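>
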Amino acid sequence: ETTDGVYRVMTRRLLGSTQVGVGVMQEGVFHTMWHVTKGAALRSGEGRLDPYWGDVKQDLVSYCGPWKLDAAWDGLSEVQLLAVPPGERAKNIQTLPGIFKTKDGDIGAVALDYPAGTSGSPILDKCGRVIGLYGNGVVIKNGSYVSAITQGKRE
Amino acid sequence: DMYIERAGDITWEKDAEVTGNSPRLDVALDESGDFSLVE
Ligand SMILES: N=C(N)N[C@H](CCCCNC(=O)[C@H](CCCCN)NC(=O)[C@H](CCCCN)NC(=O)Cc1cccc(CN)c1)C(N)=O
């Protein structure tokens with residue numbers, strides 16, 4: 017099987033080798049954001065990972081099995097974005113999330129700005145659990161970027 | 050055609066850099082999965 021951890025999502029269809037995003041391998045399932053893969057199958061060495069679940073509105077997709085990540089921000093504590101920028105080493109950034117207030121409830125949000133290909137980088141709590149994925153967000157009044165902490169549902 | 054490459058362990062880093070604000074924003078999520086600001 018393919019090792020737990022954080023992974024770059026790459027394509028060779030564009031110029032050279034391009035990082036289109038990032039995702040999480042946990043419990044045999046690969047987790048990323050829908051807008052990174054559009055639901056397409058993925059190669060892992062000589063193996064193929066087929067899409068299993070996805071939802072455009074949540075902007076999430078899982079491969080090889082159902083969504084496994086179920087930790088949630090506690091609403092109080094600092095978190096760490098494990099940013100994996102294109103062509104750059106994985107790096108942890110600690111931050112206190114803000115909040116997206118919506119008609120259907122509140123979710124945490126991280127005000128950190130990274131290239132588009134960093135989409136899908138995991139956000140972690142102090143126990144190392146993945147509380148969501150980075151890269152679906154807004155540009156606020158001063159022009160800066162704020163990403164939702166996007167988490168799926170574990171069945 | 051897309052492929053994945055391992056980039057690291059998922060682990061909390063003890064002495065990580067600390068940055069970023071914590072804005073509270075009214076937002077709307079549309080059917081296409083796009084967030085927009087409410088004002
Ligand atoms: N604009 C910034 N200062 N930073 C962003 C940081 C991107 C981090 C990864 N995430 C993305 O690439 C998603 C894909 C689409 C997901 C949609 N479900 N992107 C976004 O969330 C937002 C969505 C905004 C929704 C508003 N309703 N898009 C952008 O920002 C693009 C953008 C916007 C303004 C200016 C620039 C300057 N190049 C770039 C950037 N594009 O470099």
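Those sequence lines, one after another, are chains B and A.
17 is the number of the first residue of the first sequence in the entry's author numbering; add one for each residue after it.
50 is the number of the first residue of the second sequence in the entry's author numbering; add one for each residue after it.
Think of the CB as a built atom: it goes at the ideal place given N, C-alpha and C, for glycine as much as any other residue.
#1: Curious, which full-length alpha helix (DSSP H) runs of at least 4 residues does the region 27 to 79 of chain B contain?
#2: With DSSP run on the structure shown, which of helix, strand or coil describes residue 88(B)?
#3: Could one say the Cβ of residue 60(B) lies closer than 8 Å to chain A's Cβ atoms, at least one of them?
#4: With the cut-off set at 8 Å, would you say residue 135(B) and residue 53(A) are in Cβ contact?
#5: Is residue 83(B) closer than 8 Å to residue 153(B) when the C-beta atoms are compared?
#6: For the region 72 to 90 of chain B, enumerate the residues whose C-beta is nearer than 8 Å to any C-beta of chain A, in chain order.
#7: Would you mind stating whether residue 101(B) and residue 79(B) have Cβ atoms separated by less than 8 Å?
#8: Which chain A residues sit within Cβ distance under 8 Å of residue 162(B)?
#9: Can you tell me whether residue 133(B) is helix, strand or coil according to DSSP?
#10: Looking at the secondary structure, which residues open and close the beta strand (DSSP E) in which residue 138(B) lies?
#11: Which residue comes first and which comes last in the beta strand (DSSP E) that contains residue 108(B)?
#12: Out of curiosity, what's the CA-to-CA distance linking residue 107(B) and residue 98(B)?
#13: Please classify residue 52(A): does DSSP put it in a helix, a strand, or coil?
#14: Give me the chain A residues within the contact set of residue 110(B), using Cβ-Cβ distance strictly less than 7 Å, ordered along the chain.
Based on what the coordinates show:
#1: Runs found: 50 to 53.
#2: Looking up residue 88(B) in the first sequence gives position 72. Collapsing the DSSP output to three states places residue 88(B) in coil.
#3: Start at 1 with the first residue of the first sequence, and residue 60(B) comes out as number 44. Answer yes: the Cβ-Cβ gap between residue 60(B) and chain A drops below 8 Å somewhere.
#4: To locate residue 135(B), count along the first sequence from 1; it is residue 119. To locate residue 53(A), count along the second sequence from 1; it is residue 4. No, the Cβ-Cβ distance between residue 135(B) and residue 53(A) is not below 8 Å.
#5: Here residue 153(B) corresponds to residue number 137 of the first sequence, with the count starting at 1. Here residue 83(B) corresponds to residue number 67 of the first sequence, with the count starting at 1. No; because the gap between Cβ atoms is not below 8 Å, this pair is not in contact.
#6: Along the region 72 to 90 of chain B, the positions whose C-beta sits under 8 Å from a C-beta of chain A are 72, 73, 74 and 75, read in chain order.
#7: For the purposes of this step, residue 101(B) is taken as the residue at position 85 of the first sequence. For the purposes of this step, residue 79(B) is taken as the residue at position 63 of the first sequence. In this structure, residue 101(B) sits away from residue 79(B), with a CB-CB distance that is not shorter than 8 Å.
#8: Position 146 of the first sequence holds residue 162(B). Going along chain A in sequence order, the residues near residue 162(B) (Cβ under 8 Å) are 72 and 74.
#9: To locate residue 133(B), count along the first sequence from 1; it is residue 117. Reduced to three states, the DSSP call for residue 133(B) is helix.
#10: For the purposes of this step, residue 138(B) is taken as the residue at position 122 of the first sequence. Run containing residue 138(B): 138 to 140, per the beta strand (DSSP E) assignment.
#11: Residue mapping note: residue 108(B) aligns to position 92 of the first sequence, counting from 1. That run of the beta strand (DSSP E) goes 107 to 111.
#12: Counting from 1 along the first sequence, the entry for residue 107(B) is found at position 91. Counting from 1 along the first sequence, the entry for residue 98(B) is found at position 82. One Cα belongs to residue 107(B), the other to residue 98(B), and the distance between them is close to 6 Å.
#13: Counted from its first residue, the second sequence places residue 52(A) at position 3. Looking at residue 52(A) - three-state DSSP - the assignment turns out to be strand.
#14: As a position in the first sequence, residue 110(B) is number 94, starting the count at 1. For a Cβ distance threshold of 7 Å, residue set 65, 66 and 67 of chain A lies close to residue 110(B), ordered along the chain.
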